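As you go down the protein sequences, you meet chains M6 and MN in turn. According to the entry's author numbering, the first sequence holds residues 55 to 108 in order. According to the entry's author numbering, the second sequence holds residues 109 to 162 in order. Please read the structure below before turning to the comments.
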Amino acid sequence: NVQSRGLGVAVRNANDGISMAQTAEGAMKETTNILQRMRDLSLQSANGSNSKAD
Amino acid sequence: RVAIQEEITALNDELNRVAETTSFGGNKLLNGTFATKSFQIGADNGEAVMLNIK
């Protein structure tokens with residue numbers, strides 16, 4: 055019975071660990087997305103056609 | 109020849125003027141201030157092409 059209760063708590067603790075993982079993954083998608091945006095327009099400024107104001 | 113010279117110096121100022129008026133939005137294409145400019149035409153960095161307008 056002690057083992058059975060311990061397993062019941064164990065799935066609760068492990069699911070909490072999963073939730074922390076996906077919560078980090080939620081910001082993970084966005085930081086990747088904006089980083090891709092940063093790379094895109096830096097390539098847009100990497101050419102000599104645009105002036106200093108651009 | 110004097111009258112012809114007036115036409116020559118008129119067109120002479122035209123050649124100078126076009127060298128200073130053509131801008132492409134604030135740049136100076138034919139003034140000579142247009143040094144070697146590289147256009148980034150690749151997915152990654154470094155694979156650009158230099159263009160020089162004397």
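Backbone N, C-alpha and C fix where the C-beta goes; we use that ideal spot for every residue, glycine too.
Asked: Select from the region 123–139 of chain MN all residues with a C-beta closer than 9 angstroms to any C-beta belonging to chain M6, and list them in chain order.; Found: 132, 133, 134, 135
Asked: Under DSSP, the alpha helix (DSSP H) around residue 75 (chain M6) begins and ends at which residues?; Found: 56–99
Asked: Would you report the Cα separation of residue 127 (chain MN) and residue 92 (chain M6), rounded to the nearest angstrom?; Found: 37 angstroms
Asked: Go ahead and pull the three-state DSSP assignment for residue 119 (chain MN).; Found: helix
Asked: My assumption, with CB atoms under 8 angstroms, is that residue 149 (chain MN) sits in contact with residue 156 (chain MN). Please give the rounded CB distance.; Found: 6 angstroms
Asked: Please report how far the alpha carbon of residue 71 (chain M6) lies from the alpha carbon of residue 65 (chain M6), in whole angstroms.; Found: 10 angstroms
Asked: Which residues in chain MN sit within 8 angstroms of residue 81 (chain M6), going by Cβ to Cβ distance?; Found: Neighbours of residue 81 (chain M6) on chain MN: none; closest Cβ ~27 angstroms, over 8 angstroms.
Asked: Can you give me the C-alpha to C-alpha distance between residue 103 (chain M6) and residue 125 (chain MN), rounded to a whole angstrom?; Found: 22 angstroms
Asked: Based on the DSSP secondary-structure assignment, which residues constitute the bridge partners of residue 147 (chain MN)?; Found: 157 (chain MN)
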